[PDB]
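Reviewing the structure listed below.
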Amino acid sequence: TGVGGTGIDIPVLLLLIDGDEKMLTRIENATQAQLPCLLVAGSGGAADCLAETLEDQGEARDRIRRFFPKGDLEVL
Amino acid sequence: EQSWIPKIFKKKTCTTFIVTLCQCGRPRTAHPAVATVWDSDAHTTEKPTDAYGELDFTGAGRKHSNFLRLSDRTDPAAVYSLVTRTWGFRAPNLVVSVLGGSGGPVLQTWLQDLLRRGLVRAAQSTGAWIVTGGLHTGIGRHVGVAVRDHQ
Amino acid sequence: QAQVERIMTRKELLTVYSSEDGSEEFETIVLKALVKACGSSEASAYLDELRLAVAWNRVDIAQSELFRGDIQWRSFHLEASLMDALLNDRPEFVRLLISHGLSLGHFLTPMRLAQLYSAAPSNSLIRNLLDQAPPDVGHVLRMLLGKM
Ligand SMILES: [Ca+2]
């Protein structure tokens, strides 16, 4: 936070609210970048599914909390 | 002092053609005459930036909104230095980036309230930056309106 | 024994009644059984449980399950439930319903407001004022405050 290195690190995080498979990939990339992410329950697809997974059938939830397309895709 | 913005940053052009209608969406009629799978950079020609400057929204506004057009493959260090020094934005004490498509122009009332109250109050107390899609729709619009209200 | 095992195989539907020392209160139990017996979330088959919850005062149950976020509640879906909650004085429930993505501006209509005012309780003071005076609400306010 300025003053070159004399300052201190500027915190950062990402807030997630619903999304789609592309949003899930974005979240995965960000996490692999070691940046905190926050999810909101009840937002919708791509956000509530991860919240439920953290709280915890998994395949059934993946199909339920997200639209039929890409649900069979085990890449999800 | 913007004589160097084109020097550092650059703009990207379709250049090569990858198929009536191509991947880049440019009509076949309007396409460079120089021209399998579209390439993000290999099938792209780099050119100096040309859309830098400030915006003054018609009607109500702050008469100052630094808008810059830059290539996707740009080092964040130069962008951060530009923002911090040239535009006079002080180093944030916090940065929050919002994510999610938020299908539907109108969002849930509970979700809108949660966002505008919690996130914006936290930013106000700490004096942070918020990064969202610069689009006047959905979550970006909600963040913008909440930030303006708290300002 | 085989019958008992078969019953256990589908225990998702069976629900016990907790006497709780003469509780004599199980609306919540009925709602819990109904919600746990559905599972699938399509937002078109959960309206009946919502209407039952409105008819009762089990707001907590509805929030826990019906509005846990799993189901995709639309806008027009909650119009009737909101109207019922307003007519029966369900404050917590109306707050919950409006919270979950209900557009008041697109909801309230002159007919709706007329019905809300017609919901006055029997020979109440407001009923007398309305009869003495479409909602026809401006005149009563001007009479009370003074219109000056
Ligand atoms: Ca049902």
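Residue numbering restarts at 1 in every chain; chains get A, B, ... in the order shown in the structure tokens, and ligands count up from 1 in that same order.
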Env. residues ligand 1 / 10 Å / only C-alpha atoms and all ligand atoms / as a ChimeraX atom specification: /C:34-35,37-41,43-50
For residue 37 (chain B): contacts at 12 Å, only C-alpha atoms, fewer than 2 positions along chain excluded, given as a list in words: residues 16, 17, 18, 19, 22, 23, 24, 39, 40, 41, 42 and 43 of chain B
Convert the current residue selection to file output with N, CA, C and O atoms, as a compact mmCIF listing (two decimals), in the first residue's frame.
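result-v5.txt was written with the following content:
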```
# COMPACT_ATOMS: atom_id res chain seq x y z
N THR B 16 -6.44 -11.96 -39.16
CA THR B 16 -6.74 -13.19 -39.88
C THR B 16 -8.22 -13.53 -39.78
O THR B 16 -8.90 -13.16 -38.83
N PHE B 17 -8.71 -14.25 -40.79
CA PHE B 17 -10.10 -14.65 -40.87
C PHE B 17 -10.23 -16.13 -40.54
O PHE B 17 -9.48 -16.95 -41.08
N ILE B 18 -11.17 -16.46 -39.66
CA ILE B 18 -11.48 -17.84 -39.31
C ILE B 18 -12.99 -17.99 -39.35
O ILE B 18 -13.70 -17.47 -38.49
N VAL B 19 -13.49 -18.72 -40.35
CA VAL B 19 -14.92 -18.90 -40.52
C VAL B 19 -15.48 -19.72 -39.36
O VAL B 19 -16.67 -19.65 -39.06
N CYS B 22 -17.61 -15.25 -39.21
CA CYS B 22 -16.41 -15.82 -38.63
C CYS B 22 -16.53 -15.85 -37.11
O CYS B 22 -17.51 -15.39 -36.52
N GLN B 23 -15.50 -16.42 -36.47
CA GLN B 23 -15.51 -16.53 -35.01
C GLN B 23 -15.51 -15.16 -34.35
O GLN B 23 -16.25 -14.93 -33.39
N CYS B 24 -14.71 -14.23 -34.87
CA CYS B 24 -14.62 -12.90 -34.26
C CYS B 24 -15.91 -12.11 -34.40
O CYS B 24 -16.05 -11.08 -33.73
N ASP B 39 -7.54 -17.99 -33.08
CA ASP B 39 -6.42 -17.85 -32.15
C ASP B 39 -6.55 -16.53 -31.40
O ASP B 39 -6.80 -15.49 -32.01
N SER B 40 -6.38 -16.59 -30.08
CA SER B 40 -6.54 -15.40 -29.26
C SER B 40 -5.52 -14.33 -29.63
O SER B 40 -5.86 -13.14 -29.73
N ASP B 41 -4.27 -14.73 -29.84
CA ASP B 41 -3.20 -13.80 -30.17
C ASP B 41 -2.51 -14.11 -31.49
O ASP B 41 -2.09 -13.18 -32.18
N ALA B 42 -2.36 -15.39 -31.85
CA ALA B 42 -1.67 -15.73 -33.09
C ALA B 42 -2.39 -15.14 -34.30
O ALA B 42 -1.75 -14.62 -35.22
N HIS B 43 -3.72 -15.20 -34.31
CA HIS B 43 -4.52 -14.64 -35.39
C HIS B 43 -4.91 -13.19 -35.13
O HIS B 43 -5.94 -12.73 -35.65
```
CA of residue 54 (chain A) to CA of residue 37 (chain A), distance in Å rounded to a single decimal: 12.7 Å
Counting only C-alpha atoms, collect the residues of chain B whose closest atom lies at most 7 Å from chain C, and write them out as a PDB file with N, CA, C and O atoms, in the first residue's frame.
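selection.pdb, freshly written:
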```pdb
ATOM      1  N   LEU B 107     -32.444  -8.172  -9.750  1.00  0.00           N
ATOM      2  CA  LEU B 107     -31.903  -9.188  -8.862  1.00  0.00           C
ATOM      3  C   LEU B 107     -32.772  -9.323  -7.616  1.00  0.00           C
ATOM      4  O   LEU B 107     -33.630  -8.487  -7.327  1.00  0.00           O
ATOM      5  N   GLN B 108     -32.532 -10.397  -6.871  1.00  0.00           N
ATOM      6  CA  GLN B 108     -33.314 -10.662  -5.672  1.00  0.00           C
ATOM      7  C   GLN B 108     -33.207  -9.495  -4.702  1.00  0.00           C
ATOM      8  O   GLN B 108     -32.132  -8.922  -4.506  1.00  0.00           O
ATOM      9  N   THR B 109     -34.339  -9.140  -4.090  1.00  0.00           N
ATOM     10  CA  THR B 109     -34.340  -8.032  -3.142  1.00  0.00           C
ATOM     11  C   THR B 109     -33.414  -8.314  -1.969  1.00  0.00           C
ATOM     12  O   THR B 109     -32.664  -7.433  -1.536  1.00  0.00           O
ATOM     13  N   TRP B 110     -33.448  -9.537  -1.439  1.00  0.00           N
ATOM     14  CA  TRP B 110     -32.546  -9.881  -0.347  1.00  0.00           C
ATOM     15  C   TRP B 110     -31.098  -9.787  -0.795  1.00  0.00           C
ATOM     16  O   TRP B 110     -30.242  -9.289  -0.059  1.00  0.00           O
TER      17      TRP B 110
END
```
All helix (DSSP H, G or I) residues (DSSP, backbone) inside chain B, as a ChimeraX atom specification: /B:5-8,76-86,109-126,138-150
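The shortest atom-to-atom distance to residue 65 (chain A), with only C-alpha atoms taken into account, belongs to C:71 out of C:29, C:53, C:71, C:133.
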Test item: chain A residues at most 10 Å from chain B, counting only C-alpha atoms, as a VMD selection string: chain A and resid 1 to 3 8 to 20 22 to 24 26 to 27 37 to 47
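Among the candidate residues A:7, A:34, A:48, A:25, the one lying nearest to chain C is A:48, with distances computed using only C-alpha atoms.
Distance annotation: of C:68, C:127, C:147, C:112, the residue with the minimal separation from chain A is C:68; atom set is only C-alpha atoms.
Separating CA of residue 5 (chain B) from CA of residue 49 (chain B) is a distance of 7.0 Å.
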Using only C-alpha atoms: which of A:69, A:51, A:56, A:74 has the shortest distance to chain C: A:51
Those of region 18-118 of chain B in DSSP strand (DSSP E or B), formatted as an MDAnalysis selection string: chainID B and resid 21 27 45:48 53:54 66:67 95:99
Residue 7 (chain B) environment, 12 Å, only C-alpha atoms, sequence neighbours closer than 4 positions dropped, as a PyMOL selection string: chain B and resi 2-3+11+46-50+52+70+78
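Atom to atom, CA of residue 104 (chain B) and CA of residue 70 (chain A) stand 21.0 Å apart.
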Pull the closest atom pair for each residue of region 40-71 of chain C that gets at most 9 Å from region 84-87 of chain C, along with the distance in Å to one decimal, counting only C-alpha atoms, ordering rows by chain and then ascending residue number, as a Markdown table.
```
| residue | atom | partner | partner_atom | distance |
| --- | --- | --- | --- | --- |
| C:51 | CA | C:84 | CA | 8.3 |
| C:54 | CA | C:85 | CA | 6.1 |
| C:55 | CA | C:85 | CA | 7.8 |
```
